[PDB]
Amino acid sequence: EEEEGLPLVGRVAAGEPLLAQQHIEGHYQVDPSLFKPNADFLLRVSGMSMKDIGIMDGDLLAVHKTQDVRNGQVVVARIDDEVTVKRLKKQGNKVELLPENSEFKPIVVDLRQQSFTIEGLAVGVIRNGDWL
Amino acid sequence: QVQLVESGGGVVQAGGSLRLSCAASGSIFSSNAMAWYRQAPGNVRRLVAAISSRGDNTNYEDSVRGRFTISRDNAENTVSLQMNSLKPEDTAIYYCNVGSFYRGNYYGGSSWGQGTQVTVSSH
Numbered sequence: 002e003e004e005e006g007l008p009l010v011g012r013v014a015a016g017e018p019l020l021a022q023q024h025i026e027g028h029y030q031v032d033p034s035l036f037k038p039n040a041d042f043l044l045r046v047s048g049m050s051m052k053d054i055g056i057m058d059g060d061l062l063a064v065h066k067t068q069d070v071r072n073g074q075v076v077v078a079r080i081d082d083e084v085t086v087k088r089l090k091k092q093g094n095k096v097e098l099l100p101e102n103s104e105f106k107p108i109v110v111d112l113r114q115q116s117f118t119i120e121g122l123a124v125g126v127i128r129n130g131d132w133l
Numbered sequence: 164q165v166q167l168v169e170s171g172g173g174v175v176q177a178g179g180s181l182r183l184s185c186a187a188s189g190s191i192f193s194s195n196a197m198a199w200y201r202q203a204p205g206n207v208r209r210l211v212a213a214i215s216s217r218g219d220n221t222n223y224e225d226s227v228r229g230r231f232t233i234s235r236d237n238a239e240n241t242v243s244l245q246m247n248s249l250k251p252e253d254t255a256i257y258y259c260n261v262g263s264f265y266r267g268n269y270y271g272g273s274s275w276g277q278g279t280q281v282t283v284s285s286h
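Going down the list, the sequences are from chains A and B.
In terms of our numbering, the first sequence opens at residue 2 and continues consecutively.
In terms of our numbering, the second sequence opens at residue 164 and continues consecutively.
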């Protein structure tokens, strides 16, 4: 399986590990030199919360597995039962997760009140609709 | 309906030792990677250590590597955090997590215990 290329993480059962077996719907041979730093997997994006940087519903998001991210970076973050993709603004014991769409509102997370962890760092996008 | 319970926390002097334990109840334990996270005051919760389902592989946060070891006991449904050379940096709520390993890396899910407080001080 290690030589099948990047796993494609499709739909994601609430509270479940991102790379759980039952989530990997595909695999694509993608050059490792393509993304910096290296992609470890591809995450299908949902919704249009990031359309303004061109990360559209349906796009495959190259994600580098790490918990080491900075403010200003597009993170993949787990909040209680959910996983989202946003620009990170950390601020004391309050973490903001910023959309790239004016129709969307920043998610504001209280670290005392909710489990918040970083799943990885978005390093690239692959779009492969049948119609562009 | 997985239920996790951390224990073993307390107050410890710098350079000392301490052992955390987690009891997992509503799961098929042999089938899951287990991990320890920690959350220090006003900071993002980070993974400290993880172990694959049968313990073949582990992960460690770089700053606890060589100081902390994780292990699990499949007969007893527990996972444990042996903490040596405690620094003040180590002070946090420690949480037990259920997750899964893929290509040598722990990916976690959203089940947590209530947490156990570790405090490192001097005299």
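Note that CB positions come from ideal geometry on N, CA and C, so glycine has one too.
List the residues of chain B that residue i touches, going by C-beta distances under 7 Å, in chain order.
i	result
A:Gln68	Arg209, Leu210
A:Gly93	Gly205
Going by alpha carbons, who is nearest to residue i out of the options?
i	options	result
B:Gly189	B:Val175, B:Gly205, B:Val261, B:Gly267	B:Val261
B:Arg217	B:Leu210, B:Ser274, B:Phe264, B:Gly276	B:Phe264
A:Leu44	A:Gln74, A:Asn94, A:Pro107, A:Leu9	A:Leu9
A:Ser116	B:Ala203, B:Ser193, B:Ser226	B:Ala203
B:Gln166	B:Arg228, B:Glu252, B:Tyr257, B:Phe192	B:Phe192
B:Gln176	B:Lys250, B:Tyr269, B:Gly271	B:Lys250
A:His65	A:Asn72, A:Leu35, A:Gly27, A:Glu5	A:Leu35
Give every residue of the same chain whose Cβ lies closer than 6 Å to the Cβ of residue i, excluding the five residues on either side of it in the sequence, and list them in chain order.
i	result
B:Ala212	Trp199, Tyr223, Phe231, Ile233
A:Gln68	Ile119
Given that residue i touches chain A, what residues does it touch there, using C-beta distances under 9 Å?
i	result
B:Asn268	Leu20, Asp41, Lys66
B:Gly171	By Cβ distance, chain A contributes nothing, its closest Cβ being about 21 Å from B:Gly171, past 9 Å.
B:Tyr200	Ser116, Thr118
Under a three-way DSSP split, which group does residue i fall into?
i	result
B:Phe192	helix
A:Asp53	helix
A:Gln115	coil
A:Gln30	coil
A:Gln92	strand
A:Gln23	helix
Starting from the C-beta of residue i, find all residues in its chain whose C-beta is less than 7 Å away, skip the five residues before and the five after it, and write them out in chain order.
i	result
A:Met51	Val86, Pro100, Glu101, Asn102
B:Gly267	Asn220
Can you list the residues of chain B that residue i reaches, using a CB-CB cut of under 9 Å?
i	result
A:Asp81	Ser273
Listing by chain order, which chain A residues have their CB less than 7 Å from the CB of residue i?
i	result
B:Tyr265	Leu20
B:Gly262	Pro18
Starting from the beta carbon of residue i, find every residue of chain A whose beta carbon is closer than 8 Å, and list them in chain order.
i	result
B:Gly189	Going along chain A, no residue has its Cβ under 8 Å from B:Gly189, so there is no contact; the nearest lies around 13 Å.
Assuming residue i contacts residue j under a Cβ cut-off of 8 Å, what Cβ separation, rounded to an integer in Å, is found between them?
i	j	result
B:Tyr257	B:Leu244	7 Å
Determine the chain B residues that contact residue i at a beta-carbon separation under 8 Å, and present them in chain order.
i	result
A:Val96	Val207
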